[PDB]
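Take a look at this single chain, the form deposited in one PDB entry, given in structure tokens.
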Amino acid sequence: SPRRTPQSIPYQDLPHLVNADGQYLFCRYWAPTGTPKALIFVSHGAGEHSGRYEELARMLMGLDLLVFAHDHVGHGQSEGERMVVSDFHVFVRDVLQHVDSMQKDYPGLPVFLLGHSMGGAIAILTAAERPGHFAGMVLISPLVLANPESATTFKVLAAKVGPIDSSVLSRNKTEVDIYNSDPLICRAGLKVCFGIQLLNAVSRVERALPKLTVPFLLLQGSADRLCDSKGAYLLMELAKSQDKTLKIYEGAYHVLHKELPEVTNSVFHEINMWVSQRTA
């Protein structure tokens, strides 16, 4: 019987990969017409999927980069129980599988990571697992901090065994409406087991910072209620990277690449300049 996405589309008709656990991951590619100058993997956040990066990926592809992504396990069109992961390292392992496959096909090219929220924690853990392997990282409100009250709470709830208000994601109301009606987004509350894996991700990110040397661009909104801006300042201070830059968007919420047009246009421009300077 054909393996199908959670939306019932056969994987045989879609770009995909099978991970180390035998699970099908839905893949996306945005390849330039000419020979690519670099590769870039796009790592999405919790509850979302790779299609949300369509416009950013088309901008990167226009700079002669070959952009690629997959929906993380338990997300979007990939297999797995929704927003469940046996251990957070599965996300890192699967990104390395896809990166290694692309590097086999395009040897010699520099490879960048771009990650938002949970996807940024995955990008940090990926670059920390292979020091010197990546040319750079673009982090948009990465998940690097855990609230201590939620942390102790989830540990006790896990020893025994609510959806986010979409308006906190962005000040751009049309983008909030798009988010609320995308069938590939999981807007359900956090499962206790997955909350534990996000706390593991935060703890692992803390331990990786003394070894994190990859160049990075960090974009953070000052009014982000999901990833507090304090974490972006701590990441700038604690990462060992010789090439690190922070840009703060005053008043902006969490999803900077889908924020008010003035913020989104600046985010696209800053990522373009940063990646262009490091692929020249």
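Shifts are known only where both forms have a C-alpha. Don't overthink the numbering: it's just position in the shown sequence, from 1. Throughout, rigid core stands for the largest set of C-alpha atoms superposing within 1.5 Å between the two forms.
*Asks:* Are any deposited residues left out of the model between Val161 and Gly162, and how many (none, 1 to 3, 4 to 9, 10 or more)?
*Replies:* Gap size class: 10 or more residues without coordinates, per the record.
*Asks:* On average, which has the higher Cα B-factor in the deposited entry, 27 to 35 or 251 to 259?
*Replies:* Here the higher of the two C-alpha B-factor means belongs to 27 to 35.
*Asks:* Quick one: say whether 206 to 214 or 89 to 97 has the higher mean Cα B-factor in the deposited entry.
*Replies:* Looking at the record's C-alpha B-factors, the answer is 206 to 214.
*Asks:* Please work out which residue in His116, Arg171, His75, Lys191 has the highest C-alpha B-factor recorded for this crystal structure.
*Replies:* In the PDB entry, the greatest C-alpha B-factor among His116, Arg171, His75, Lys191 is found at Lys191.
*Asks:* In the PDB entry, which of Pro142, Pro107, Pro183, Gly136 has its C-alpha at the highest B-factor?
*Replies:* That would be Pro107, according to the entry.
*Asks:* Consider only the C-alpha atoms of the modelled residues in this chain, order them by B-factor as the entry records it, and name the third containing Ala46: lowest, middle or highest.
*Replies:* Lowest third - that is where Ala46 ends up once the chain's C-alpha B-factors are sorted.
*Asks:* Taking only the Cα B-factors deposited for this chain, tell me whether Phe112 sits in the lowest, middle or highest third.
*Replies:* Its C-alpha B-factor belongs to the lowest third of this chain's values.
*Asks:* Determine, from the deposited record, the chain-internal third of the Cα B-factor for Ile196: lowest, middle or highest.
*Replies:* Top third by C-alpha B-factor.
*Asks:* Against its chain's modelled residues, does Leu17's Cα B factor rank lowest, middle or highest third?
*Replies:* For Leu17, the deposited C-alpha B-factor lands in the lowest third.
*Asks:* Where does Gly231 sit by CA temperature factor within its chain: lowest, middle or highest third?
*Replies:* CA B-factor rank for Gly231: middle third.
Form deposited in another entry: not shown, discussed below.
*Asks:* Quick one: lay the two forms over each other on the core and tell me which of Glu149, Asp87, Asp100, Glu81 moves its CA by at least 2 angstroms between this form and the one not shown.
*Replies:* One residue passes the 2 Å cut-off, namely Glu149.
*Asks:* Core fitted, what stretches of 3+ consecutive residues have C-alphas moving by 2 Å or more between this form and the one not shown?
*Replies:* This is the sole shifted run between this form and the one not shown: 146 to 161.
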